[PDB]
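Enquirer:
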Amino acid sequence: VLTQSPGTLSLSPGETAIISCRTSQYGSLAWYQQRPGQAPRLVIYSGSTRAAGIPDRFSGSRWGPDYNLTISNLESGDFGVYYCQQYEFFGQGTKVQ
Amino acid sequence: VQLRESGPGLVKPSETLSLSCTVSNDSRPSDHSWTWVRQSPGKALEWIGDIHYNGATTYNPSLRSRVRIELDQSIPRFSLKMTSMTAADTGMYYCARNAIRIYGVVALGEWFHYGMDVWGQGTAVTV
Amino acid sequence: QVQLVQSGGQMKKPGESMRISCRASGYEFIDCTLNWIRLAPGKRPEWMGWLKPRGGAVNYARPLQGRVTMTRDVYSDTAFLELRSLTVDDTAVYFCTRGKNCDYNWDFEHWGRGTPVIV
Amino acid sequence: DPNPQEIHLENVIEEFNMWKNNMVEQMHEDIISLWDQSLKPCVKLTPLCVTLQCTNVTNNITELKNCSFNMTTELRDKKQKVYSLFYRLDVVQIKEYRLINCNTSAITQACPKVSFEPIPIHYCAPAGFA
Amino acid sequence: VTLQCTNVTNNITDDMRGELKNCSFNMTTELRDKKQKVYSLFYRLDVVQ
Amino acid sequence: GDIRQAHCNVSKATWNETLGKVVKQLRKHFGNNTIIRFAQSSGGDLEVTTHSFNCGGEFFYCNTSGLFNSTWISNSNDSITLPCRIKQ
Amino acid sequence: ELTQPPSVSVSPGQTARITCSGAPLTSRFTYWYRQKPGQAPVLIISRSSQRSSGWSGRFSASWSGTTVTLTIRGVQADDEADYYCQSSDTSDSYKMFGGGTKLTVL
Ligand SMILES: *[C@@H]1O[C@H](CO)[C@@H](O[C@@H]2O[C@H](CO)[C@@H](O[C@@H]3O[C@H](CO[C@H]4O[C@H](CO[C@H]5O[C@H](CO)[C@@H](O)[C@H](O)[C@@H]5O)[C@@H](O)[C@H](O[C@H]5O[C@H](CO)[C@@H](O)[C@H](O)[C@@H]5O[C@H]5O[C@H](CO)[C@@H](O)[C@H](O)[C@@H]5O)[C@@H]4O)[C@@H](O)[C@H](O[C@H]4O[C@H](CO)[C@@H](O)[C@H](O)[C@@H]4O[C@H]4O[C@H](CO)[C@@H](O)[C@H](O)[C@@H]4O[C@H]4O[C@H](CO)[C@@H](O)[C@H](O)[C@@H]4O)[C@@H]3O)[C@H](O)[C@H]2NC(C)=O)[C@H](O)[C@H]1NC(C)=O
Ligand SMILES: *[C@@H]1O[C@H](CO)[C@@H](O[C@@H]2O[C@H](CO)[C@@H](O[C@@H]3O[C@H](CO)[C@@H](O)[C@H](O[C@H]4O[C@H](CO)[C@@H](O)[C@H](O)[C@@H]4O[C@H]4O[C@H](CO)[C@@H](O)[C@H](O)[C@@H]4O[C@H]4O[C@H](CO)[C@@H](O)[C@H](O)[C@@H]4O)[C@@H]3O)[C@H](O)[C@H]2NC(C)=O)[C@H](O)[C@H]1NC(C)=O
Ligand SMILES: *[C@@H]1O[C@H](CO)[C@@H](O[C@@H]2O[C@H](CO)[C@@H](O[C@@H]3O[C@H](CO[C@H]4O[C@H](CO)[C@@H](O)[C@H](O)[C@@H]4O)[C@@H](O)[C@H](O[C@H]4O[C@H](CO)[C@@H](O)[C@H](O)[C@@H]4O)[C@@H]3O)[C@H](O)[C@H]2NC(C)=O)[C@H](O)[C@H]1NC(C)=O
Ligand SMILES: *[C@@H]1O[C@H](CO)[C@@H](O[C@@H]2O[C@H](CO)[C@@H](O)[C@H](O)[C@H]2NC(C)=O)[C@H](O)[C@H]1NC(C)=O
Ligand SMILES: *[C@@H]1O[C@H](CO)[C@@H](O[C@@H]2O[C@H](CO)[C@@H](O)[C@H](O)[C@H]2NC(C)=O)[C@H](O)[C@H]1NC(C)=O
Ligand SMILES: *[C@@H]1O[C@H](CO)[C@@H](O)[C@H](O)[C@H]1NC(C)=O
Ligand SMILES: *[C@@H]1O[C@H](CO)[C@@H](O)[C@H](O)[C@H]1NC(C)=O
Ligand SMILES: *[C@@H]1O[C@H](CO)[C@@H](O)[C@H](O)[C@H]1NC(C)=O
Ligand SMILES: *[C@@H]1O[C@H](CO)[C@@H](O)[C@H](O)[C@H]1NC(C)=O
Ligand SMILES: *[C@@H]1O[C@H](CO)[C@@H](O)[C@H](O)[C@H]1NC(C)=O
Ligand SMILES: *[C@@H]1O[C@H](CO)[C@@H](O)[C@H](O)[C@H]1NC(C)=O
Ligand SMILES: *[C@@H]1O[C@H](CO)[C@@H](O)[C@H](O)[C@H]1NC(C)=O
Ligand SMILES: *[C@@H]1O[C@H](CO)[C@@H](O)[C@H](O)[C@H]1NC(C)=O
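Protein sequences, first through last, are from chains A, B, C, D, E, F and G.
Numbering (the authors' numbering) for the first sequence: 3 to 27, 30 to 91, 96 to 105.
Numbering (the authors' numbering) for the second sequence: 2 to 35, 35A, 36 to 82, 82A to 82C, 83 to 100, 100A to 100M, 101 to 111.
Numbering (the authors' numbering) for the third sequence: 1 to 52, 52A, 53 to 82, 82A to 82C, 83 to 100, 100A to 100D, 101 to 111.
Numbering (the authors' numbering) for the fourth sequence: 78 to 139, 153 to 184, 189 to 224.
Numbering (the authors' numbering) for the fifth sequence: 127 to 141, 150 to 183.
Numbering (the authors' numbering) for the sixth sequence: 324 to 398, 410 to 422.
Numbering (the authors' numbering) for the seventh sequence: 3 to 9, 11 to 95, 95A to 95B, 96 to 107.
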């Protein structure tokens, strides 16, 4: 039903990472970040709206079935595994190190 | 109500012995559990089994494997077949009616037994 | 302020049952839906079910139906996730989660600490 | 008194949304308020939270619990033994039982003379609205 | 209700500080018939002989 | 008199027809090749696991598992009796 | 499975107490039959209502714990017979019959 294309992105600090996502049904896609050890935290909701307290580097969406998260200026608080979300459906999630 | 019971009477060991019971002058036979009982000479009554018009049937454990009941409902004919009978399994056999009272909705299990009020005179069977 | 507090560290064998509590505080406990998420390395996140702790209404996920029960104590403000016939593939970390607002349920903003379960 | 003053609006297309209709919340609030208002002026059944000695009603040979208890009466210094029948859903163990909600809340008896039959109620918009 | 109060337990004759008093009483419970003895430290300004 | 269970009847044929209509209207939304199944309420308090009546001044909580159940494949004087528990 | 005395002896003016005990009797009703040699059993005591009430003036019974006692007053010589207790199990799958108590008249 839902999937994420990139498996793992071995990027250095300061580089911009792209994480694509494909949904076969209409739904409000949301993006979550899971750091090592910490619980997940909401990053994007309703497709592209930014959650409160999230830095401005996070954005990215499209009208079509394909969405993608842009994450520029990778820093220590970045990295971990990023998950897609639909109405109770989740993707594999892409790990950024 | 009259329960006229009949059968071969004399059978050899290790084949099937069959009994029949005709129900006469009962209005609405479908509301009662039709039962078979046996009694060896000098021993207590032994319950064989019973059957209801809805298809539910029941037996005595450790004997149920050798026994089976039929009940033709078009003409209320009440039949028993008991296989693998031994020489010691003799005595009197009686067909009987366990009348059932309904006091509420039968679908909810709201009934009870009035006991085996009507009995047939039975048949003495030697094996 | 919204806070969800769990108790974890359970160590179980195959076939045993488990119960995880989730105390909610800050928001009115009886006016917002809770959800139970399962996370693990390798396999995808899995949704366990949602609980509406006013009428106690529950919805379970299809793979878990018949194995997972949810309860709510409205006087302790505590949800409970009970799982039966726990097996090796259920080794995972369990979250008690709440949406960003009480109108749309799937914007999981408020997550608990996490409940490791090692089978 | 009057007939329904229904005026058709030819060639008007209006966007409806039931799931954000405030009429629903207003009805819910009003109905709860009427419920509380009707329940308020009658018995409070605070004395009824007592230890009940309850047995099965049985079939006389071997859903409902036949409960007995020492209740208060008109006079403060007198008590009376009361036998009653409760449903098993209303009664919880502490044989000795109690009522289900006596450790949680005070149960207010529904006033004997008020009937719970629903009656039609119309909601009318105030002047300046429609 | 009538409280039987004692000075707070210093374990010896040491002076009680804040004038806390042990102040047991009988009290009620959810069931009307039963009663539950309760021990509760009350400040001396709150309690009168 | 005798102690008997409070119960509620719904016509079986009418209810089956109603579920057929509802299944058609749901298949209009989910697809014409799907399987639509019904089941009893999966949990909660007595108010949500049962159907609540407040009639005649008395409150009933009826087990609706008889009305639901059965599966619909894409392709009478017979009543469904629901036990009802009363709560004061 | 269903235990009752082998026999009891009573005078014409005495009341016989034919006891019958068993685990399934703690929850189920008991039906009492009388049998004479050759003749089929006839129903004596049964269940005519959910909540029991009075019965015939003779052949009464009383329940206690797991044991039910058949009280028969006004016993005469014609009552010499084998009395049987019958009862369903706790699951209502099968019926139990007693070993029979031979009531004799002194
Ligand atoms: C939802 O839909 C469901 C269905 O899906 C529906 O469920 C239905 O509910 C009703 C509720 O009323 C339920 O009816 C019960 O039926 C019981 C048995 O039926 C007897 O009556 C019918 C019809 O009666 C006709 O005649 C009446 C005469 O007054 C009249 O009032 C009626 O309107 C009607 O015209 C009858 O057909 C039966 O036939 C047997 O008996 C006849 C007697 O002559 C005989 O001709 C027949 O052949 C047949 O007899 C056979 O079996 C006997 C066994 O002994 C044999 O001897 C014969 O040879 C035959 O083989 C029945 O007579 C009945 O028990 C219920 O009535 C009880 O409850 C009411 C409460 O008001 C009492 O007033 C009654 O007295 C009675 O209670 C007595 O009996 C019960 C059980 O015996 C005891 O527990 C009670 O304590 C009490 O006993 C007292 O008296 C007796 C002596 O009578 C005494 O011995 C005791 O010691 C004690 O003193 C009741 O009518 C119906 O079955 C049910 N349907 C199904 C399919 O289950 C729901 O209602 C629906 N819900 C909604 C909301 O819509
Ligand atoms: C959802 O839908 C599905 C179908 O899509 C439903 O499954 C169906 O469930 C039916 C029951 O609800 C079931 O019918 C049963 O089938 C068998 C056929 O062999 C039979 O056991 C059942 O009949 C017994 O049980 C009913 C229950 O009330 C009794 O009314 C009936 O008399 C039978 O009980 C008697 O016989 C049993 C053994 O034969 C005894 O254990 C029992 O104690 C009782 O005793 C009789 O004899 C005694 C003499 O000793 C006497 O005292 C007593 O009075 C009795 O005469 C019943 O017909 C369907 O087969 C099944 N269908 C499928 C396709 O699986 C499912 O339930 C639905 N779910 C819900 C939640 O509603
Ligand atoms: C459940 O709730 C969700 C939101 O939470 C709703 O999802 C929205 O659904 C609506 C339709 O009901 C969507 O709107 C439509 O989106 C399409 C976007 O298409 C893109 O991709 C294609 C490539 O396949 C491109 O061709 C296209 O340019 C876009 O890039 C369009 O197909 C639709 O536009 C058409 O209709 C509009 C109607 O006004 C016209 O103006 C256009 O010209 C064109 O004909 C339309 O915009 C919307 O995007 C969804 N939003 C989400 C997922 O956030 C679900 O509908 C709702 N479900 C139910 C059952 O209520
Ligand atoms: C509930 O219990 C009471 C107390 O046992 C029952 O009333 C008594 O019934 C006995 C006979 O069983 C009488 O001898 C007593 O005099 C009755 N007591 C009183 C105070 O009236 C009562 O019948 C029971 N209720 C039910 C429905 O079984
Ligand atoms: C009444 O509803 C209850 C649930 O509220 C049903 O109980 C379950 O029924 C299923 C199907 O028969 C059984 O597999 C479960 O074991 C039952 N649960 C428990 C806890 O025992 C019940 O069957 C319903 N009654 C009827 C007559 O349909
Ligand atoms: C059937 O029995 C009834 C009494 O129940 C009696 O009046 C009738 O004559 C009998 N009929 C036959 C054919 O024996
Ligand atoms: C009442 O019936 C229940 C049925 O489960 C039984 O456990 C209980 O012991 C009964 N109580 C009495 C007092 O007989
Ligand atoms: C219970 O049975 C006895 C006889 O054993 C009878 O006298 C008594 O009235 C019955 N009780 C009720 C409440 O019907
Ligand atoms: C009522 O009080 C008396 C006081 O002697 C006591 O014996 C009795 O058990 C009490 N009854 C109940 C039902 O608690
Ligand atoms: C009241 O008692 C019940 C008994 O089951 C218990 O579950 C419940 O928690 C109690 N209520 C409160 C508010 O503690
Ligand atoms: C408690 O202490 C006071 C001094 O504050 C002293 O006078 C009094 O006797 C003491 N009372 C008891 C009961 O020890
Ligand atoms: C509490 O009540 C009991 C009842 O026996 C009484 O004897 C006792 O003195 C009371 N205790 C206190 C501390 O007042
Ligand atoms: C009660 O409902 C049943 C459902 O089958 C129906 O047949 C019957 O006519 C109804 N009775 C009344 C009086 O409406």
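Beta carbons: idealized from backbone N, C-alpha and C, even for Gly.
Between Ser158(E) and ligand 12, is the CB less than 7 Å from at least one heavy atom?
Expert: Yes, since a heavy atom of ligand 12 falls inside the 7 Å radius drawn around the Cβ of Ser158(E).
Enquirer: Under 8 Å, CB to CB, which of the residues in the segment 18-30 of chain G have a partner in chain D?
Expert: Going along the segment 18-30 of chain G in chain order, one finds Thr29 and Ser30 with a Cβ nearer than 8 Å to chain D.
Enquirer: Let me check one thing: in DSSP terms, what residues is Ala56(B) bridge-paired to?
Expert: Answer by DSSP bridge pairing: none, since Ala56(B) is not bridged.
Enquirer: Please classify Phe223(D): does DSSP put it in a helix, a strand, or coil?
Expert: Looking at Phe223(D) - three-state DSSP - the assignment turns out to be coil, as it is neither helix nor strand.
Enquirer: So is the beta-carbon of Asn133(D) under 7 Å away from any non-hydrogen atom of ligand 7?
Expert: Yes, since a heavy atom of ligand 7 falls inside the 7 Å radius drawn around the Cβ of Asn133(D).
Enquirer: Sort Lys43(C), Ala78(C), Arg19(C) and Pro45(C) by Cα distance to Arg53(C) and report the nearest one.
Expert: Residue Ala78(C) is the option with its Cα nearest to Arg53(C).
Enquirer: Under 7 Å from any heavy atom of ligand 8, by CB: list those residues in chain order, please.
Expert: In chain order, the qualifying residues are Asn137(D), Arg54(G), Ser55(G), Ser56(G), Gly57(G) and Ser65(G).
Enquirer: Suppose the cutoff is 6 Å on Cβ atoms and the five residues either side in sequence are ignored; what does the same chain contact list for residue 1(A) look like?
Expert: For residue 1(A) there is no data in the structure shown, the boundaries of chain A being 3 and 105.
Enquirer: Tell me whether the beta-carbon of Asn60(B) lies closer than 8 Å to the beta-carbon of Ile75(B).
Expert: No, these two residues do not count as a Cβ contact at 8 Å.
Enquirer: Cβ of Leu129(D) within 8 Å of Cβ of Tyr177(D)?
Expert: No.
Enquirer: Quick check: does the Cβ of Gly100A(B) come within less than 7 Å of any heavy atom belonging to ligand 2?
Expert: Result no, Cβ not under 7 Å from ligand 2.
Enquirer: Do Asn332(F) and ligand 1 come close, with the Cβ less than 7 Å from some heavy atom?
Expert: True, at least one ligand heavy atom lies under 7 Å from that Cβ.
Enquirer: Are any of the Cβ atoms in chain A nearer than 8 Å to that of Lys52(C)?
Expert: No, no contact with chain A.
Enquirer: Leaving aside the five residues before and after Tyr34(G) along the sequence, list all residues of the same chain whose C-beta is less than 8 Å from its C-beta, in chain order.
Expert: So the qualifying residues of the chain are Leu46, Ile48, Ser49, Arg50, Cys88, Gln89 and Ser90.
Enquirer: Inspect the CB distances between the segment 330-346 of chain F and the segment 23-43 of chain C and report whether three or more fall short of 8 Å.
Expert: Taking 8 Å as the limit for Cβ pairs, the verdict is that the segment 23-43 of chain C does not touch the segment 330-346 of chain F.
Enquirer: Where do the ends of the beta strand (DSSP E) carrying residue 313(F) lie?
Expert: Because chain F in this structure spans residues 324 to 422, residue 313(F) falls outside the shown range and cannot be described.
Enquirer: Does the Cβ of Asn195(D) lie closer than 7 Å to at least one heavy atom of ligand 6?
Expert: For ligand 6, not one heavy atom lies less than 7 Å from the Cβ of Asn195(D).
Enquirer: With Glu96(A) and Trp47(C) assumed to form a contact (beta carbons below 8 Å), what rounded beta-carbon distance in angstroms separates them?
Expert: Between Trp47(C) and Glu96(A) the Cβ distance is about 4 Å, and since that is below 8 Å, they are a contact.
Enquirer: Between the C-alpha atoms of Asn35(C) and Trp395(F), what's the straight-line distance to the nearest angstrom?
Expert: Distance between the alpha carbons of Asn35(C) and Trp395(F): 30 Å.
Enquirer: Distance, Cα to Cα, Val71(G) vs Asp27(B)?
Expert: Straight-line Cα distance between these residues: approximately 32 Å.
Enquirer: Taking the alpha helix (DSSP H) that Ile47(G) falls in, what are its first and last residues?
Expert: Here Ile47(G) belongs to no alpha helix (DSSP H); instead the beta strand (DSSP E) covers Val45 to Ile48.
Enquirer: Going by C-alpha to C-alpha distance, which of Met82C(B), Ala84(B), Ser62(B) and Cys92(B) sits closest to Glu70(B)?
Expert: Ranking the options by Cα distance to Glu70(B), first place goes to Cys92(B).
Enquirer: Taking just the CA atoms, how far does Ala60(C) sit from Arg23(C)?
Expert: Their backbone Cα atoms lie some 22 Å apart in a straight line.
Enquirer: Excluding the 5 residues preceding and the 5 following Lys12(C) in the sequence, name in chain order all residues of the same chain whose CB lies nearer than 6 Å to its CB.
Expert: Same-chain partners within the cutoff: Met18, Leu82C and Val111.
Enquirer: Mind checking whether the beta-carbon of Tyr177(D) lies closer than 7 Å to any heavy atom of ligand 4?
Expert: No - ligand 4 has no heavy atom lying nearer than 7 Å to the Cβ of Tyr177(D).
Enquirer: What does DSSP give as the partner residue(s) for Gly95(C) in the beta ladder?
Expert: Answer is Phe100D(C), bridged to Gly95(C).
Enquirer: From the DSSP secondary-structure annotation, give me the bridge partner or partners of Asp70(A).
Expert: DSSP lists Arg24(A) as partners of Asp70(A).
Enquirer: For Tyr177(D), which residues in chain F fall below 8 Å Cβ to Cβ?
Expert: By Cβ distance, chain F contributes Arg419, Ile420, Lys421 and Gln422.
Enquirer: Using DSSP's beta-bridge definition, name the partner residues of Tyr86(G).
Expert: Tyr86(G) pairs with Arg37(G) and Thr102(G).
Enquirer: So, at 6 Å on beta carbons, what are the nonlocal neighbours of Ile99(B) in its own chain, with the 5 sequence-adjacent residues on each side left out?
Expert: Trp100H, listed in sequence order.
Enquirer: According to a CB-to-CB cut-off of less than 8 Å, which residues of the segment 51-63 of chain G neighbour chain F?
Expert: If the cut-off is 8 Å between Cβ atoms, the segment 51-63 of chain G has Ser52, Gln53 and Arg54 near chain F.
Enquirer: In chain order, what residues of the segment 112-127 of chain D put their CB closer than 9 Å to some CB of chain H?
Expert: No chain H is part of this structure, whose protein chains are labelled A, B, C, D, E, F and G.
Enquirer: Counting only Cβ pairs nearer than 7 Å, list the residues of chain B close to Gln363(F).
Expert: Ordered by position in chain B, no residue passes the 7 Å Cβ test against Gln363(F), which lies about 17 Å from the chain.
Enquirer: For a contact defined as C-beta to C-beta under 9 Å, what are the partners of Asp325(F) on chain B?
Expert: Neighbours of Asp325(F) on chain B, chain order: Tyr100, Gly100A and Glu100G.
Enquirer: Just mark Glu164(D) as buried or exposed, buried being the case when its beta carbon has 16 or more other beta carbons within 10 Å.
Expert: Exposed, by the Cβ-count rule.
Enquirer: Considering only the alpha carbon of each residue, which of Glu46(B), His52(B) and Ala108(B) lies closest to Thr87(B)?
Expert: If we check each option's Cα against that of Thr87(B), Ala108(B) comes out closest.
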